[PDB]
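1. Mind folding the following:
(chains A and B)
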Amino acid sequence: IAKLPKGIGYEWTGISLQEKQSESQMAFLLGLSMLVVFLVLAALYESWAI
Amino acid sequence: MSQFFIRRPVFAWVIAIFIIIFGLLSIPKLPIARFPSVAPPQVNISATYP
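-> Residues are numbered from 1 along each chain as shown, chains lettered A, B, ... in the order given. Have a look at this structure:
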């Protein structure tokens, strides 16, 4: 699409827009899901090293 | 009693860290306005008989 004449945009729709949206969130959802368990384990084993 | 959080300081810090994180994930999520909807809502019915 970047080789087209200038002024021609594009968009994704349907199954593809819901696929591109699913790929931008994985690094955030894997970040929180590892940050939450690290927090809740410090609440049970009284330390940061464990 | 309330002597629980003297011998267990790490349990105190994660509750303080949890609401820092959840609060900072919500300041971009809040609408910025000058006033709430304090004024009563109006519904205009416009006719035409030229």
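2. do you know how far the residue most central in space within chain A is from residue B:31?
-> In chain A, the residue lying closest to the centroid (C-alpha atoms, centre = their mean) is residue A:25, at 2.0 Å. Residue A:25 is 22 Å from residue B:31, where distance means C-beta to C-beta, to the nearest Å. (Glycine included, C-beta is placed from N, CA and C.)
3. ok, now how distant is the residue nearest to the centre of chain A from chain B?
-> Distance, residue A:25 to chain B, by C-beta to the nearest C-beta, to the nearest Å: 14 Å.
4. Run through the residues that contact that residue.
-> Shown in contact with residue A:25 (C-beta atoms under 8 Å, 6 or more residues apart in numbering or on different chains): no residues.
5. any idea how far it is from residue B:39?
-> As for residue A:25, its distance to residue B:39 is 38 Å (criterion: C-beta to C-beta).
6. what's the answer for residue A:47, then?
-> Between residue A:47 and residue B:39 the computed distance is 55 Å (C-beta to C-beta).
7. and if you look at residue A:41?
-> 50 Å.
8. between those two, who's got more neighbours?
-> residue A:41 (13 against 7; other C-beta atoms under 10 Å in any protein chain shown).
9. Test my guess that the more buried one contacts residue A:50.
-> Yes. Between residue A:41 and residue A:50 there is a contact under C-beta atoms under 8 Å: 7.1 Å.
10. Could you count how many residues lie near residue B:10?
-> Neighbour tally, residue B:10, other C-beta under 10 Å: 15.
11. can you map out the helices along the chain?
-> Just so you know, I chose chain A. Secondary structure of chain A (DSSP state H): helices located at A:15-23, A:26-42.
12. Actually, chain B is the one I wanted.
-> Along chain B, counting by DSSP H, helices occupy B:9-24.
13. which residue of it sits farthest from its center?
-> By C-alpha atoms, centre = their mean, chain B has its most distant residue from the centre at residue B:50, 49.6 Å.
14. Could you report the distance from it to residue B:44?
-> Taking C-beta to C-beta, one finds residue B:50 at 19 Å from residue B:44.
15. interface residues of chain B facing chain A?
-> When proximity is defined as C-beta under 8 Å from any C-beta of the partner chain, chain B approaches chain A at B:8, B:10, B:11, B:13, B:14, B:17, B:18, B:21.
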